[PDB]
Structure formats: C-alpha cells, structure tokens
Amino acid sequence: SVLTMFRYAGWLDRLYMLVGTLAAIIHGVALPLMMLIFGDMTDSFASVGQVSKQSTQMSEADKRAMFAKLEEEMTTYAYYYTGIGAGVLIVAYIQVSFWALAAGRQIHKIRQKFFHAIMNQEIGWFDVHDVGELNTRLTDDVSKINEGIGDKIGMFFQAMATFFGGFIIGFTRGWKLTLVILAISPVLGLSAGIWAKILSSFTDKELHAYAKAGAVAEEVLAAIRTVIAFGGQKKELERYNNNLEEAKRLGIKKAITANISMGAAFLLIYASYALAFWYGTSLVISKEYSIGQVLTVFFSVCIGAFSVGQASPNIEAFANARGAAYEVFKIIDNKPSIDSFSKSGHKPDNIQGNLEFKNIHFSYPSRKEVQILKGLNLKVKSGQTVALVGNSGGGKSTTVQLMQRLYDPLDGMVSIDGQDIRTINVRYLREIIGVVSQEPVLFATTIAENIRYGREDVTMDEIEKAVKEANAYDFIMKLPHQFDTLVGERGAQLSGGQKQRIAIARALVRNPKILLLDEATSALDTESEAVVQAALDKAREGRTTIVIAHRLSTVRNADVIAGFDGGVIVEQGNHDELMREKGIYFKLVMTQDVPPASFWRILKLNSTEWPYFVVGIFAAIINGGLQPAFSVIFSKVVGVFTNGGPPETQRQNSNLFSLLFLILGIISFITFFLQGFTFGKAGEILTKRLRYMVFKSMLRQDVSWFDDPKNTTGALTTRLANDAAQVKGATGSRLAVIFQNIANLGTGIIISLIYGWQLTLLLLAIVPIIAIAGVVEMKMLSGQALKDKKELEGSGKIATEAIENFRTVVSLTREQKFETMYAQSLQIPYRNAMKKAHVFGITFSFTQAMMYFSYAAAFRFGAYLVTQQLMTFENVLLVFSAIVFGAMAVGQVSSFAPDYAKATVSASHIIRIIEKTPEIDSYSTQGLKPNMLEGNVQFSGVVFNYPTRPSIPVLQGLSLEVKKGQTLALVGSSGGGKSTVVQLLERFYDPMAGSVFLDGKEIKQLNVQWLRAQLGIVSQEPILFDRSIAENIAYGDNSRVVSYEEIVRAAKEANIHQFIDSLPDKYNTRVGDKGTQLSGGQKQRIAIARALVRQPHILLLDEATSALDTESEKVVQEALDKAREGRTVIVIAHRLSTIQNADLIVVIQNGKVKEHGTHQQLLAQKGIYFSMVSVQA
Ligand SMILES: C[C@@H]1NC(=O)c2csc(n2)[C@H](CSSc2ccc([N+](=O)[O-])cc2[N+](=O)[O-])NC(=O)c2csc(n2)[C@H](C)NC(=O)c2csc1n2
Ligand SMILES: CC(C)CCC[C@@H](C)[C@H]1CC[C@H]2[C@@H]3CC=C4C[C@@H](OC(=O)CCC(=O)O)CC[C@]4(C)[C@H]3CC[C@]12C
Ligand SMILES: *SC[C@@H]1NC(=O)c2csc(n2)[C@H](C)NC(=O)c2csc(n2)[C@H](C)NC(=O)c2csc1n2
Ligand SMILES: Nc1ncnc2c1ncn2[C@@H]1O[C@H](COP(=O)(O)OP(=O)(O)OP(=O)(O)O)[C@@H](O)[C@H]1O
Ligand SMILES: Nc1ncnc2c1ncn2[C@@H]1O[C@H](COP(=O)(O)OP(=O)(O)OP(=O)(O)O)[C@@H](O)[C@H]1O
Ligand SMILES: [Mg+2]
Ligand SMILES: [Mg+2]
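Residues 34 to 625, 687 to 1271 (full-length UniProt numbering) make up the sequence shown, in order.
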C-alpha cells in the first residue's frame, strides 16, 4: 500500500527510526541556528568594519577596544560554532546509522520472506507466470526498496526540520523579506512531486526492461549447448540487445530529465539570490534591516526551501522504492490454495496403499481450454503394481502430478484409503510419495547431497543401500571423489542413464509408500533395466507403484495394466487378460588480482563518444571554475555593506551584482545541463556497450567454460547484471564531480590566495584531514566488496536452482532446505551491511562536523588577521567561502571512493571476460569451408577426457566409419561414450589424441560454424525455449527466416503436426520454460522437427524416440526412411527396434568398439548384441 512499507520493523527498528528521526530533526535544526550565529557575527563584525569612516580619528584605545572587543565577541562566537560541531557529530551518526540499521534489519527480513512466498506458490502459479524474472526481482527490486527506506528517509526529515527551522528563524528575524523568498518555495515543492513521479515511473519502466533482459540472458545461458549447436549466438545476442536498447533509451531520457530538474534547481537558487539581494535596499534605509540580519534570514529561508527541493531525489528514491515494492509485496500477499507450508491437515498414522481416482476431470491452468482428463477412473490396491500405457499426451504424467497434489482437479475425487487428499496435509502427503519424473533433474551439488535431498536425515549406509538398489553403486565407486563428485547444473556432467539412476536412489532413500515412476528406465540399457526392475520387485510388498513406461519389458510383470485413450481408462487388466483383448496394448505388443587502472580501461571504451568526453569536460571545468567565482560575488555583495560607507556611494548603484547572479544562473543551464547530459548519456551508452560485449563474449566461450562449477546459470546472470550495474553506479554524476570538484577546489587555490593568503593555509590542513577520513573507510572496508561480490553470486545460485527447478523441489519437499541455504548465504552480506552502516554513519558525521569546526577555526583565525590589520571581512569571507566548501567538495570526492573501488573490482572482471579468447572460437570466420560435402564421417583413434574429470578416460582410441546414405547405430551400456562422440562431431570439445574426419578433411580445419551448420542434432534431453511452438521449430536454421510451410512440413515429418493443429492457438502456442508445458513425447517430436527443418546432411539422434510411443516412433522412422538417401544418420537408442534396420550397428562400451557388423551378423554370433536381444524379449 502506502504505509505498509514498514510491516516487519519490530520494536528494534521502530526505535531506530524514532530516535533516528529525532536526531535527523536536531541535525536539520542546526543549520537555522548556524545562520543565526552567522548573521549575528556578520552584523557584530561589520561594527568594526567601515572603521575606515573616521579612520584618521584614533583614540587608539577606542580602536584597540574596537578590535579587542571584536575578538572578545568573536571568541564567544567560535565557542557556539564548536558546540554545534560537537553536537552534530553525535546526531548525524544517529541520523544515518540508525536508519540504515532499520533498513538493513527489514530488507534482510523482506528477502527471507520474499523467498518464502516464491517457494510457497503453487505449480500453476509457476506455470502461468514467467518465473525467470523472479531472480532479477529478488536481486535488484528488493535493492530498490533498500535504497528508499534507508538513510535517505533520514535525510528527508532533516530537510523538513531545516524548512521548519527556516520558517522559525525567518519569522523571528524578518517579517517582509521572508515571504519574498517564499515565492519560489511552492514552485520548488510542486516540481519536487512532479519530477519525482516522472522519475519513479521511468524507474519502473527501466526495471521492467532490465528484468526482461535478465530473463532473456537466463534463458539463453541455461540451454547454451542447444544455442551453440544450432548457431543461435547472433539471434540471442540481438534479443538481448533489444532489451538493452529499450532500457538505454529510457536511461538517456532519465538522465536528461534528472539533469534538467537539477539545472532548474540551480536556476532557482540563482534567482533566489538575485531576488533576495534585490530588496537589499532595506540596508540603505536605516534600521529596517541589518546586513547580518539580511544574510541570516535569506540563508535560513534558502537552505530550508532548497533542502526540501534537494530532498526530491530522496523522495524520488522513496518514490523509486514505491515504484518497485509492489511485485515484491504482491507475491508475498498472494496466498496459494495448495499451501505446502500450511500446518493444517490430517496426518494419518497407518496408511494402506489404496489409491482411488473417481471421475477425474483436469485442465492445466496455462491451457485451460483443453481437457486433459475427462472422467478418469483408477483403482490401486495395496501391494500392487499398476502400469499406465497409452499414446503420448494421454495424461499419464498428468495422473502422476495429480497424485502428488501438484494441481487440484477441476472436478473429481483423488483419495488414499478413502480419504480426501485435500484434507490430508500437503507436505505430509508428499513425504510418503517418492517420485521419479520423466526426465529426472539433479542439482548443482555432489551425488551424495543430491541423494540426501530425498531425506535430509539419511545415513551413508542407507545411501549406499539405495544406490545398490538403483544399480548406481558401480559407476559411483568407479570415478574419483566417489559420492563427493560434483555433477553439473541439472545433472549435466553425467550420462543420461547415470542421471536417471541417481534420481531413482533419491526417491528410494525416502522409503516411500507411493512410488510414482514416470519412464524411469528410458535412458537405461537392457542390463541396468533388469537390475532396477529386480530391485524394485524385491521390495514390492512394502509399497504400491504407479509405473509409466513405453517399453514393454517393465510392464509385462505388472499386477494390472491401465490403457489411456483420450483421458480415460479404456482397458484395465493383467498382461494375460489384455493379450487376448485385441486392444491398444495388443497393438503395442505387436509393434515391439584487480589492477588499479581497471576503471580507466572501461572509460576507454567511450573513445567513439570522445566529443561527449571533451565538451563535457570543458563544461565541468567551467561549472567548477565558477563556483569559486560565486564566492567572489557573494563577498562583494557582503562587502558593499560591511566595508561600504555613504549610501550614495555604491549601495543602490551596486545593483550590477544581481545582474551577475542572473547571468551565472543562465550559465548554470548552459554548463550544468551539458555536463550532466554528456555524462548521463555516455554513461548509458557505455553500460549498454559493456553488457553487449560481456554477453557476446559469454556466448563466444567453449562448452568447457560452462562446465566449470563457478559458471552456473544463476552465477552467470548475477555476474552479468551486477558488474555493469556497479560500473554504471560509478559512471555519470559521480564521474562529473571529479572533473568539477577538483576544479572547484583548484580555482579557489588561486583566487583565495590573491585576496588573503594567511587564512588559505588552513586549507593545507583541512583537505588532508577530510581526506584521511575516506581512507580509514576505504582501508577498513577494502576487501568486503570482494566478499560481497562472490557471495552475491552464491545466493543467486540457490535462488536460480530453486526457482528454475521448482517442480523437483516441491516433489521432494525441499523448499525449507532451500530457504535455509538462502538465509545462510545471505548472512555474510547482512553482516557486511550492518558493519558498513556504522562506518558510513561515522564518516558522514565527521565530514559534516568538520564543516562546523571549520566555521569556528576560519572565522576565529581571520579575526586575528583583522586584529593585525591584514585582512577585512570581504577577504576573510571570500577565502572562507572558497576554501571551506572546496574542502567539503573533496570530502564528497573522498566519500564516494567506495563506489570507485566497487567499479574497479567490477571493471577488472568485465575487461577480463571481454578479452577472453575461446580455444574453439565460434565467431571466427578463419576456416576452410568446403563447397561440396559428401557426408563421410570418420573417427580414427579418438581419445577424449572431459575437462571437469580429466583423470577419467572416456574414449580409448575409438575408430568408426559412416558413409553417405548409411545408418550407423551406437549401442552399449550407460556411460559407454555414445553421447560423447555426438558431442565430438559438433566440436563441443577437441579430442586429445585421435582424429575426426569429415569428407576426408579433419574437422579441426573446417570452420566451426560451417561444420555445425550441416549437423542436425537431437539431444538425449531435448530442451526447448520459452517461445512459440513454431519458433522452436524455426530455430533449426538461424541463418535464414523459415517459412511457415517449411515448419509445417517439418512438423508433419516429426509426427507432431496433428497435435499442434488440434491444439488451440495452433503453432503460436507458447510452451513453458525448457518445454515443461509439453509431454516428453511432444517435446521430443518438436525437437525432431527443429532438427529436420534444417534439412541436415548429418542427422545425429541421441535417443530421439525415447519418450515416443510405438505408433509415433513408427511414423517418425518411416518418415526418416523415406529420406534415407542424401544424408548420413548416426542414431543412439536403447530399444532394439530402431537399431534393427540400421546399415551398421556398433557396441560402444568402455570407449571401444567391440561388436561390429549389421543386425543379422551380430545377432547370429553370440555376444553382447545377442546379450541385449535375449533379455529384451
Ligand atoms: C558552493 C558553495 N557552498 C555550498 O554549496 C554549501 C555546502 S554547505 C552550505 N553551502 C551551507 C548551507 S547547505 S547547502 C547544500 C548543498 C548541497 C546539498 N546536497 O547534498 O545536494 C545539500 C546542502 N544542504 O546541507 O542543504 N551554506 C553555508 O554554509 C554558507 C554560509 S555563508 C556561505 N555559505 C557563503 C558565504 N555563501 C555562499 O553563498 C557560497 C559561496 S560558495 C558556496 N556558497
Ligand atoms: C557517536 C556515538 C558516541 C553515539 C552513540 C553510539 C551508539 C548509538 C552505537 C555505538 C555502538 C552501536 C551498536 C553496535 C552494534 C550493534 C549490533 C547490531 O546487531 C546486528 O547486526 C543485528 C542483530 C541484532 O541486533 O540482534 C545492532 C546494532 C548495535 C546494537 C549498535 C546500536 C547502536 C550503538 C550502541
Ligand atoms: S540558499 C540555498 C542553498 N544554496 C547555496 O547556499 C549556494 C550558494 S552557491 C551554490 N549553492 C552553488 C552554485 N551550488 C552548488 O554547488 C550545488 C550543487 S548541488 C546543489 N547546489 C543542489 C541543487 N542544491 C542544494 O542541495 C541546496 C540546499 S540549500 C542550498 N542549496
Ligand atoms: N505444464 C503443462 N501446462 C500445460 N499443458 C501441459 C502441461 N504438461 C502437460 N501438458 C499437456 O497435457 C497433455 C498430456 O501431457 P502429459 O505430460 O500428461 O502426457 P504423458 O502421457 O505423460 O506423455 P509422454 O508419454 O509423452 O511422457 C498434453 O497435451 C500436454 O501438452
Ligand atoms: N559434461 C561432462 N563432464 C564430465 N563427464 C561427463 C560429461 N558428460 C558425460 N560425462 C561422463 O562421461 C561418461 C560417458 O557419458 P556419455 O554421455 O558419453 O554416455 P552415453 O553412452 O551417452 O550414455 P547413456 O546410454 O546413459 O545415454 C560417463 O562417465 C559420464 O558421467
Ligand atoms: Mg509425460
Ligand atoms: Mg547419453
């Protein structure tokens, strides 16, 4: 809402804000009293000024007293200054640190509950929303609330206290001159709100545009193997670039609006000065006003009004937090109906394996016009095995998902032991259910930890027993690191069968009563399949299994078989009973380190934008070379009264100074707008160019660079979003002050030295000390950024693993574990944020108290100068206004130093990732491009070891040949290396020892993009994108635009056209993230269509029909056979039906070919192929 921004504050934060607000008010009130004392001394110091009147008359003691009296009241005046300076050092720390301790203690609680609410949402919520932007919301939108409820709110109450203090002081010391300077106060107040609203809207738009870019980057980098295989680097780069421009335009517009609002602020400052020193004729007329009185009233009113105006960014930052705190709170406010964390619900003590589906009707939320199940009836008895068979897309996986209460059926009864599963506790219901999905998903951790995700309180002996059951013990014992070997993200650094066998054990450790297997033996060979089936059969009596498979070897021994035909059970009987039924089952039976100059090299990427960095530089010099000139005119307008005598001389004649003030006000636009525009625009051209180059370099890297444990998808997205954000934070306004403040101090160094040079010496003592504040910050917070950058990548890893793998987490009920892992990773940034808060408070207090101390020091020391008749008020005031505010400007220069350090740390990594050169450079056009390709594939003694496990040999001199028009079928056991050679023909990796030959030329000489162009690859786990059906098929050829007719032809060849045509929205249907809104067979068929639309010369199929049923497999194989000639096909399969008709079949186990020949030749001789053949039937 509008006040619910602070709901998790608690008593500790409510007292931090209250005492922080009181201290902010006290700190704001200090300036009005500062103007009181300044005006009082100005009037009381000018009483000895114009001592030139009757200067010749000298009682001497009268002059001696005039002076001695001067230093007598000036001594009291310096004491009040020092008292205010001492008192501000206490309330400014309370003002800044307490507010940051209320933001830190709430943003940390906000994040832990935002994560808890994302983890609490239903599966349908993840299905209907684009959850890829959720990590960006967590990382950057909560950081927007952090900047809007921090110390900036504390500096807002300081502005209000300064405005009210200005009211009080002006009214006490002035009746008329106040309302004169209050004319522009409503104008500034309305500009505050208007420009704050505009900037908040633009902030929301830019945040949405960055979220889109982050979602695009996460989608591309999570399927980088498919992007590289199909050569989609250019198209994904352009997709990222579109969002980069849609945010850049909004960035340049933001910059111009921000630098023109502030320019109007300068214009109003100068107009107020001119209109206040006009009506300064009240000084000419006696006793109407005093010179000190005019200065004190004008300064009090001006500081109040322009602190309200200067708080507009603080209101804008509050308005920015308002702009992005809604989704962060909308998601928390949303309460799912299927609440896993809810404690309410029955938890039966004794449960029998009785499952009932009565009149089940279900439709997925994302596609609610399609009835997946229309009256589903199913009965499962205790200690029984039921096998669900049917065509692809029937709703078997839908039945498995409904069994876990992932979705609520639209109308029907899903019950266990005759009890509503809606009444049963959701978490308890899921605990007694061990599920292996169609395509098992692992996490980016060790094998042992992935197995522990089943039951977190599991012993090692139980894990070993489970892997023994799942036939995984041997291969885990084989590799180094044993159970501590890290698998890749989503199980990438594992074989398909190995990954499937790790997830079977993960469900077995749970000791489930309900075992939901969804094609858990698809990737296993016939030997591992028998072992797993025997292990399941040994413990059959304990639990009831809902088993789903297209292979007919697992379903032959099931107690009962249920057949699906359009969402209904058409057949329900045993194997013998359904053998004579002559139904769908019968037909199925017949069918079968940081450099210090990093930030300068980043700024060297704007060499094309040099005209913005020279005219802007000159404008910054002018705008910083005239701030000390403002002090000169200010000193003159003070001195026309302090050292001015007769009213006829000067006074009314000295109205040229107001004209000078207005001329400088026009110059305020003329130079500030240019300096903030050319820096606010080149600061958006650079961050866009930085992100573009970083993303282009990321897509350039090898497949080996994405296998590193440091380079995960979440880590990559964090590294892409944060580095450029930090560099942008340094660039821009924080870049302008360096070219201005150094001038601001510098020019003063000259001019203050020509009027009074004794006083200027304090500068050689004030800019040291303020500077040595920044170092004791930078030194004492030096390395924290490095521990705040690497850990930030860590937390985004837990979120990305949790968000993108939400279905697996929910099925395992591991949401609480991921919350714990996220909080643990958040602890270190939390502590570094409450340690940075106190340090920043101390630094701000010191830098602000040195202003007040310098008031006393400078004026008191200038009093001695006046005593020795060496300086007057004009000189001391001019040199003070120059040097003290120059010191305060270099104070800001030293204070923003942490931003420079963070940018340098980010800049080093940005330049490092840009300059990196891959070994297999995809973008390189240097390579031989054959005009004619004859489809000759040869592997001569290829030896390959994966970079992540270089000790392990994968292939030992593998030699094979396939000819144009010949079909080569790779077979063997899990982990043999069948997918490896497919990964070697794509040139994902370079073989260590051995050669790969295409058309008689070794493939390393050929252009890598050209080589990949003629390869149509279907992977073992085909991964789609979050795009339309016709856009995934049109991804097969990225060098041309694919016509709709070609897409339909490819779909027809892949036996998927009928499904899409019958589907609403037809080919425009948007499939879910990674294709999760399709069945496995449909996703495999769409991948087949994507490969076939390319019209490839070499067709590399890696279990391309694993999820397809018998009829679809037959259709796809017949379609391939119609195009048998004109292309070579290398196919890997585990079912001995596709492999039967291949021209040559080779057994690849342990990296060698052992059995070579055709189907009849290998079947006739007893051996490995006959070994698979015998147990298959
Ligand atoms: C550029 C420069 N100074 C400032 O910019 C400045 C920083 S502190 C401050 N001024 C205080 C109130 S505060 S001004 C301010 C300026 C900037 C920001 N900010 O964070 O954007 C905030 C504030 N603020 O605390 O409200 N003003 C004085 O002490 C004060 C008393 S006599 C005097 N100056 C001289 C004699 N008169 C001037 O006209 C004059 C000449 S050269 C100059 N000023
Ligand atoms: C300029 C000085 C003399 C003014 C007075 C200083 C105090 C207001 C400061 C100094 C030390 C501060 C404390 C230093 C450290 C902590 C721990 C810090 O703990 C956490 O990080 C959160 C966990 C929790 O609070 O349990 C909370 C603030 C607190 C109590 C600080 C509260 C404010 C204190 C008392
Ligand atoms: S009386 C209003 C008061 N401004 C000044 O005292 C003053 C004299 S000279 C000067 N400001 C120069 C020209 N301005 C800046 O250096 C500057 C940088 S940012 C900024 N002013 C913002 C727009 N102004 C304030 O924060 C502010 C509050 S009171 C005040 N100026
Ligand atoms: N998350 C989802 N959102 C929308 N529709 C979905 C989703 N998951 C599946 N579907 C659709 O539901 C239907 C049945 O899919 P389901 O996964 O239940 O089939 P299946 O029998 O398990 O298939 P397969 O044998 O190919 O694994 C299909 O039309 C599919 O597109
Ligand atoms: N990216 C990788 N990094 C490291 N090791 C890997 C990687 N991919 C596979 N391996 C390992 O290489 C070996 C062979 O895997 P590969 O994918 O070639 O097997 P496969 O014959 O295709 O398997 P399956 O029949 O189960 O699909 C296994 O030990 C596997 O763990
Ligand atoms: Mg399925
Ligand atoms: Mg494989």
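Every residue, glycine too, gets a C-beta built ideally from N, C-alpha and C.
Range covered by the alpha helix (DSSP H) that runs through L283: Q266 to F310
C-alpha gap between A525 and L557, whole angstroms: 16 Å
Limits of the beta strand (DSSP E) - the one that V593 falls within: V593 to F597
The alpha helix (DSSP H) enclosing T1061, as first and last residue numbers: Where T1061 is concerned, there is no enclosing alpha helix (DSSP H), although the beta strand (DSSP E) it sits in stretches over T1061 to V1065.
Nearest-angstrom Cβ-Cβ length linking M68 and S333, presumed shorter than 8 Å: 4 Å
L527: CB within 7 Å of a non-hydrogen atom of ligand 5: yes
Beta-carbon gap between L1062 and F1033 smaller than 8 Å: no
Residue interval of the beta strand (DSSP E) (run including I602): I602 to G606
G1051 Cβ short of 7 Å to ligand 5 heavy atom set: no
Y126 Cβ short of 7 Å to ligand 2 heavy atom set: yes
Beta-carbon proximity check, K281 vs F235, cutoff 8 Å: no
Beta-carbon proximity of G445 to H394, cut-off 8 Å: yes
Where the beta strand (DSSP E) containing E1055 begins and where it ends: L1049 to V1056
Close beta carbons around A135, own chain, < 6 Å, minus the five adjacent residues each side: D46, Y49 and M50
beta-carbon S975 near ligand 1 non-hydrogen atom, thresh 7 Å: yes
For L780 and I696, the rounded distance between their alpha carbons: 8 Å
Alpha-carbon to alpha-carbon, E402 and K911: 36 Å
Under 8 Å between C-beta atoms of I466 and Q437: yes
Pair within 8 Å by beta-carbon distance, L254 and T812: no
Run of the alpha helix (DSSP H) containing residue 671, from where it starts to where it stops: Coordinates for residue 671 are simply not present: the residues of the chain run from 625 and resume at 687.
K102 burial status per 10 Å Cβ neighbour count (16 or more: buried): exposed
Whole-Å CB distance - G183 paired with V341, under 8 Å assumed: With 8 Å as the limit, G183 and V341 do not qualify as a contact, their Cβ atoms being about 19 Å apart.
Contact test: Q921 Cβ vs ligand 4 heavy atom, cutoff 7 Å: no
Neighbourhood of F724 by C-beta, 7 Å cutoff - its chain only, sequence neighbours within 5 removed: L758
Neighbour-count burial assignment, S948, 16 or more Cβ in a 10 Å radius: buried
Within the segment 492-572, ranges of the beta strand (DSSP E) (whole runs, at least 3 residues): 547-551
Span of the beta strand (DSSP E) around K412: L406 to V413
Alpha-carbon spacing of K790 relative to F1119, whole angstroms: 19 Å
Cβ distance (whole Å) where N168 is taken to contact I897 below 8 Å: 6 Å
Three-state secondary structure (DSSP) of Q417: coil
Beta carbon of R1229 nearer than 8 Å to that of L1202: no
Residue span of the alpha helix (DSSP H) that contains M446, given as start and end: Counting along the chain, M446 falls outside any alpha helix (DSSP H), though it belongs to the beta strand (DSSP E) covering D444 to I449.
Neighbourhood of ligand 6 [Cβ distance below 5 Å to any heavy atom], ordered by chain position: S430, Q471, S1173 and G1174
Backbone secondary structure at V474 - three-state DSSP: coil
Three or more C-beta pairs below 8 Å linking the segment 189-198 and the segment 54-67: yes
Alpha helix (DSSP H) segment containing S1156, residue limits: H1151 to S1156
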